[PDB]
RNA sequence: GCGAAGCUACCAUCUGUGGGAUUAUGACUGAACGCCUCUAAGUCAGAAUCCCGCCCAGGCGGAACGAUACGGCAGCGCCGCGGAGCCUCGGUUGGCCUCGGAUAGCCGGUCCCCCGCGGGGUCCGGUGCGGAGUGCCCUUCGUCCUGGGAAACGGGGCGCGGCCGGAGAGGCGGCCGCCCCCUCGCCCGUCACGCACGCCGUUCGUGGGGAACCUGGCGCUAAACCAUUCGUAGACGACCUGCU
RNA sequence: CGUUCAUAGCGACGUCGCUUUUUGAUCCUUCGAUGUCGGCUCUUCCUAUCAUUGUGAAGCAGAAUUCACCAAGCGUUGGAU
RNA sequence: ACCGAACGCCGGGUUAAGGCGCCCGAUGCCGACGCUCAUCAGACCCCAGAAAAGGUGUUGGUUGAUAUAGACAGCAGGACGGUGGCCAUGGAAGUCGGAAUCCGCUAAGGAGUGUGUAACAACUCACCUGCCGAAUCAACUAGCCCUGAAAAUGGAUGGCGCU
Ligand SMILES: [Mg+2]
Ligand SMILES: [Mg+2]
Ligand SMILES: [Mg+2]
Ligand SMILES: [Mg+2]
Ligand SMILES: [Mg+2]
Ligand SMILES: [Mg+2]
Ligand SMILES: [Mg+2]
Ligand SMILES: [Mg+2]
Ligand SMILES: [Mg+2]
Ligand SMILES: [Mg+2]
Ligand SMILES: [Mg+2]
Ligand SMILES: [Mg+2]
């Protein structure tokens with residue numbers, strides 16, 4: 001028979017195999033469409049979730065009851081010390097897909113970055129890109145390099161820069177800096193490539209990518225919660241007190257006669273550490289890091305035009321389970337995916 | 001059954017010159033060219049006469065629904081010729097019992113904003129098919145003029161503004177409003 | 001945009017059938033898809049014959065739609081259709097194709113030897129022509 | 001030793017039928033420009049027919065169930081797979097000979113490629129009948145790479161037009177060359193038309 | 001009582017997107033049926049639909065790049081050219097390409113005009129059951145000798161250096177210098193090659209694919225896993241980290 | 001019948017069907033046992049569409065509406081006995 | 001359980017009933033003549049599926065017309081009087097209904113097809129022309145196709161497919 005009283009089903013199928021994500025660093029599953037017209041730029045950045053807090057602000061949506069009324073608002077601080085471009089990598093369209101075509105790496109590469117390439121650095125002799133960097137100082141290599149760049153100019157369509165974090169400048173334990181491909185979206189590919197060829201080995205700060213009051217999409221891995229029962233993982237009804245074989249369960253898995261249990265039925269498994277791309281998180285504040293002209297400039301963070309004190313976004317006793325945000329940071333509205341310390345695209 | 005042969009003729013006028021790359025008539029004259037393809041109609045577009053005076057269209061071994069095309073090709077070339085020579089002029093009068101459908105052309109003919117239809121805040125923007133050019137007429141108060149060579153494109157663009165101005169969830173017998181085609185004439189008569 | 005027609009008096013080459021490789025005049029059309037046919041000079045008895053098998057030439061000899069065979073025999077021999085047909089490029093490349101089938105093993109060998117050489121001569125003359133064309137371009 | 005068949009202008013099942021038997025007799029086949037395969041019956045007709053096939057899925061776990069391939073190459077492969085005993089070893093071996101492509105890629109873009117005239121649309125259909133391009137069909141059912149396949153084929157056709165122009169240029173010189181030489185190839189050229197070429 | 005951290009609640013807070021094809025429908029041009037008709041050929045608008053997008057997972061599916069075992073015995077990467085010796089087999093000339101049309105096409109040449117030696121046009125001349133034909137083309141299939149003719153500067157030395165074109169899965173060509181050697185296609189003469197005594201898997205792609213073994217030249221100088229550690233992770237594995 | 005008007009909506013006397021969410025027939029399967037009602041819980045499908053999108057109809061002026069089409073995407077609740 | 005055919009163990013031949021795109025032995029015939037396009041096509045005894053009733057969809061028939069005294073549609077001109085005819089008054093002078101139901105003028109108009117009216121009016125529906133230029137039109141009938149035609153895991157002309 002039909003189910004008596006209707007009700008919408010628990011949880012979304014548009015999110016499943018509810019398994020532990022392969023990646024830790026959240027992948028950008030699609031970069032925006034590079035109109036060829038507007039000038040070149042980076043489309044992505046890689047920050048770190050340091051911590052939450054309030055803001056207060058005058059709101060200006062006329063019509064609302066809250067028009068010209070100071071609301072408070074939660075915010076995430078994503079500590080975002082500048083990335084270093086250490087590569088470019090050309091792609092070409094095919095009917096099969098979007099084949100990577102040619103990867104040109106920079107000359108010098110940090111031990112921050114080189115870390116990444118070994119599973120055990122203590123034990124390695126740290127011999128990566130050693131025979132590579134020989135190319136960057138001779139006639140033969142430099143010529144081949146130029147021909148590679150020329151080929152990319154002829155053939156390639158999509159160009160992504162490879163950059164990596166400055167793990168050095170953080171309060172985190174790890175030294176092994178996260179690399180990431182970031183897509184250069186702008187004018188023609190020859191222009192596009194000579195921009196990234198100029199940026200090679202160079203810093204790139206956050207303000208170069210993003211601007212204030214800009215909607216951006218946070219991409220990361222969710223705060224993981226291990227094995228969890230169906231009542232936690234699917235928010236199924238608890239059964240009542242009298243249930244003999246437990247009550248944080250689903251009673252009827254399925255009907256008899258599709259005589260299999262379906263993929264749509266709720267089962268206990270991994271809850272959390274999923275990959276998730278939350279969109280439309282408005283940047284309230286791109287904050288300037290500590291710097292020195294004579295003494296420290298700690299003010300430039302959490303001081304407002306109306307407050308004028310000498311704060312940084314660091315609270316008393318620091319952000320908990322994190323550190324001091326001594327670098328430039330963004331300040332999104334609301335919560336975002338993942339734990340404290342988590343790398344965040 | 002299979003009719004052993006059918007045909008017709010299309011007497012082109014001495015002003016116009018028609019030419020056919022196979023089965024793709026191209027008709028040019030006073031106002032401009034008008035190409036049209038008939039690869040999909042399956043006929044013998046012969047062109048005969050010194051001074052190239054008449055277009056003939058055979059159709060061999062046709063069955064009833066195949067012989068139905070013969071005249072419709074012939075007729076489409078007739079309109080094509082008319083378009084080239086005279087050019088089509090569809091006139092459409094606005095009608096209302098209150099809200100005086102405010103029309104205004106924009107880029108040249110292209111756009112047609114149609115404001116205050118039935119007291120609606122929504123402003124209908126209506127493009128025209130490439131070639132057709134709307135223009136708000138004089139000598140008549142609530143009345144548009146769509147001119148153009150390719151009749152198909154004109155009458156489509158007329159419809160575009162006719163269906164734009166449609167009444168939803170009302171008694172359409174009561175609510176007779178919109179910009180309706182009043183007259184399907186020519187740009188010049190001779 | 002048709003040039004050849006099932007006209008009375010059209011000569012048609014029969015592509016296949018019992019009378020394959022024979023010319024034949026269309027005396028009268030019986031039907032949508034069947035022609036009453038004759039080839040008096042070409043050894044083909046007066047009979048109905050479907051169009052599917054006949055492919056039609058560029059020769060319309062003129063007689064009346066149901067004459068009695070004698071008269072088409074005259075109109076064939078007046079026009080001298082046998083002479084004219086054998087003169088045609090079509091009939092030549094029929095004659096060719098038959099002579100390629102008749103080819104014996106020694107005859108096949110001779111040919112190979114004759115081509116082996118004849119394509120060598122041309123090949124050089126083409127190469128000379130290319131060099132001359134390159135010299136003009138320079 | 002290998003068929004390459006330009007799938008353009010052919011009929012989907014009609015070609016697949018012929019390909020299957022070739023493949024079963026050990027003939028290695030390649031089928032190229034599969035988006036250009038065209039299927040009898042008006043477009044809408046066939047879209048629904050595909051969309052139905054999409055609906056077919058193993059209710060309890062779609063991940064197992066009938067994998068609906070979008071690309072025209074894989075579609076055509078699917079229909080040829082339906083005419084072999086593909087559960088057998090010999091059937092599986094047979095398919096391994098067949099090699100299908102959306103568009104025409106680099107080994108075969110400089111190979112002459114055949115046409116099965118028994119599967120051809122101009123022959124097998126009445127001209128007043130309607131049909132569908134398997135491309136359009138593939139596109140609307142979710143094939144990602146129509147436009148890419150078009151942009152790569154415009155290159156190829158431009159690249160080929162050049163080759164043909166040079167080919168023509170040789171042919172022309174060769175026609176000139178014979179005329180330049182036709183008294184010192186005269187008693188060869190005579191013998192090649194007693195045994196019936198050159199006529 | 002109060003309560004840090006941590007879990008956690010519409011019991012707190014934040015975010016939830018864009019296209020395409022079209023359906024029903026209403027229309028255009030328009031025959032059938034000298035009119036008329038949304039339809040027959042043709043065209044338009046069109047949706048909580050459907051397909052994709054975004055979003056999640058990621059194939060006995062691919063990718064570019066890095067580093068590639070100095071050694072205390074090592075072991076390998078290329079290159080070229082040699083000897084044996086298991087094993088796995090299929091094969092038994094090649095074809096190096098316009099685009100497409102089908103109630104049409106192919107080739108020329110433009111005298112003439114326009115565009116970037118080509119492209120487009122017109123005009124004219126040829127083909128069209130396609131001979132600038134897959135019913136096709138290319139290639140030859142005994143070895144040598146000498147001694148004439150016609151054809152004659154062509155071929156080679158895994159001959160050697162430079163300049164190109166090729167990215168869709170490039171994997172292949174092309175064109176230019178220099179060294180040495182030869183006289184090869186087509187006819188004829190002129191002899192000779194175990195002529196193994198009528199008789200089967202011959203004849204090639206073949207220096208084939210893989211595994212194990214002897215020579216030269218130039219290169220190389222490891223990561224991974226455990227253990228330990230960490231807690232962004234965790235049932236256990238796994239995962240993220242740290243360690244002259 | 002619907003003032004008038006067979007057919008907006010209806011529809012007698014007659015007639016042709018589909019359906020297996022009713023109940024009967026029937027007894028083919030299972031009596032070396034297929035756990036016998038309801039409720040809870042959960043998933044999925046169907047459409048014979050209540051609402052929601054797009055539309056044709058009216059005895060649709062508006063409002064309210066019934067009739068029909070595409071259509072099952074999304075919903076369809078809290079209690080008293 | 002249908003059709004064919006009834007079995008010692010084997011070679012060659014030939015058949016039946018069934019087939020011969022590919023799965024799969026055989027049409028890879030230059031097979032013959034038609035019919036039919038389906039946004040639910042159809043595709044073989046038993047058998048696994050549809051009816052009444054519809055359709056200028058297309059194809060055949062059958063029967064009757066019509067028209068040069070040049071029609072048929074397509075547009076344009078009139079549709080009256082004897083007459084509030086009679087029954088019915090609740091109003092029907094053509095018009096809710098029903099018995100009637102002819103003459104005149106006639107070129108010709110029914111004591112009226114409808115619209116609509118309390119009832120008229122007003123409008124609308126033959127006979128004939130003007131233009132145009134050969135077939136036109138009606139009623140049946142039976143073939144394919146279509147509507148009729150709604151079920152629950154995703155699905156079955158056996159499958160792939162096929163015009
Ligand atoms: Mg329900
Ligand atoms: Mg209990
Ligand atoms: Mg209303
Ligand atoms: Mg329609
Ligand atoms: Mg549209
Ligand atoms: Mg749309
Ligand atoms: Mg998908
Ligand atoms: Mg062998
Ligand atoms: Mg009544
Ligand atoms: Mg029962
Ligand atoms: Mg049980
Ligand atoms: Mg329904």
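Of note:
- Per residue convex hull volume, Cα atoms of the range A:27-90, in Å³: 197
- Take the Cα of residue C:90, step 7 Å toward its Cβ, do the same at residue A:296, and the gap between the two points is 10.3 nm.
- Taking chain A and dividing mean pair separation by its residue count, relative contact order in percent (alpha carbons under 8 Å, at least six apart): 26
- Taking each DSSP H run with n ≥ 4 as -39500 (n - 2.57) and averaging over every residue of the protein assembly as shown yields -8500 deg cm²/dmol at 222 nm.
- Distance in nm between pseudo-label sites at residue A:243 and residue D:184 (7 Å out along the Cβ direction from Cα): 10.3
- Here the translational diffusion coefficient of the protein assembly as shown follows from Stokes-Einstein with Rh set to the Kirkwood radius across Cα pairs; for 4 °C and 1.567 mPa s it amounts to 35 µm²/s.
- Note on the range D:1-76: Kirkwood hydrodynamic radius from all Cα pairs is 14.1 Å, rounded to one decimal.
- Efficiency of FRET from Cβ geometry, residue B:106 and residue B:175, R₀ 41 Å, rounded to 0.05: 0.90
- Measuring nothing but how far apart in sequence close Cα pairs (under 8 Å, 6+ apart) lie, relative to its length, the range C:1-131 scores a relative contact order of 19 percent.
- Among B:172, B:114, B:151: highest mean-square fluctuation, GNM of chain B, C-alpha pairs under 10 Å: B:172
- Average beta carbon contacts from partner chains per residue of D:169-177, 10 Å cutoff: 4
- Inter-chain Cβ neighbour count for D:179-191, averaged per residue, equals 4 (cutoff 10 Å, partner chain atoms only).
- Of C:102, C:115, C:78, the one that fluctuates the most in a GNM where chain C has Cα springs shorter than 10 Å: C:115
- Using a Förster distance of 60 Å, the FRET efficiency for residue B:190-residue A:197 (Cβ separation, nearest 0.05): 0.30
- Max mean-square fluctuation residue, GNM over chain A, Cα-Cα springs under 10 Å, options A:128, A:196, A:106: A:128
- Packing, taken as the mean count of other beta carbons within 10 Å per residue, orders the peptides D:155-162, A:251-258, C:121-128, D:179-186 from highest to lowest as C:121-128, D:179-186, D:155-162, A:251-258.
- Zero-based 5 Å bins, Cα pair distances in the range D:51-147, whole percents: 3, 9, 14, 18, 21, 20, 9, 4, 2, 0
- Peptide C:116-122 has a mean of 5 when you count, residue by residue, the C-beta atoms of other protein chains within 10 Å of its C-beta.
- P(r) of the range B:16-114 over all Cα-Cα pairs, binned every 10 Å from zero, in whole percent: 13, 34, 22, 16, 12, 3, 0
- Pairwise FRET efficiency - residue D:90 versus residue A:134, Cβ, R0 = 51 Å, nearest 0.05: 0.40
- Across the range B:1-128, Cα pairs under 8 Å and at least six residues apart give a relative contact order of 22 percent.
- Dmax and Rg, reported as Rg then Dmax, of chain A (C-alpha, Å): 24.8, 83
- Cα centroid separation - the range A:11-89 against the range C:60-138, whole Å: 79
- Spin-label model, residue B:142/residue D:130: points 7 Å from Cα along the beta carbon direction are separated by 4.1 nm.
- For the range A:263-301, the residues whose amide N sits under 18 Å from a probe point set 7 Å from the Cα of residue A:9 along the beta carbon direction are A:263-269.
- Alpha-carbon centroid distance for the pair the range D:124-142 / the range A:228-275, whole angstrom: 47
- Separation between Cα centres of the range B:1-53 and the range A:160-176, rounded to whole Å: 74
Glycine gets a Cβ as well: all are built from the backbone with ideal geometry, and neighbour counts include every protein chain shown. Every read-out reported here was derived from the displayed coordinates using simple, explicitly stated rules and does not represent laboratory data.
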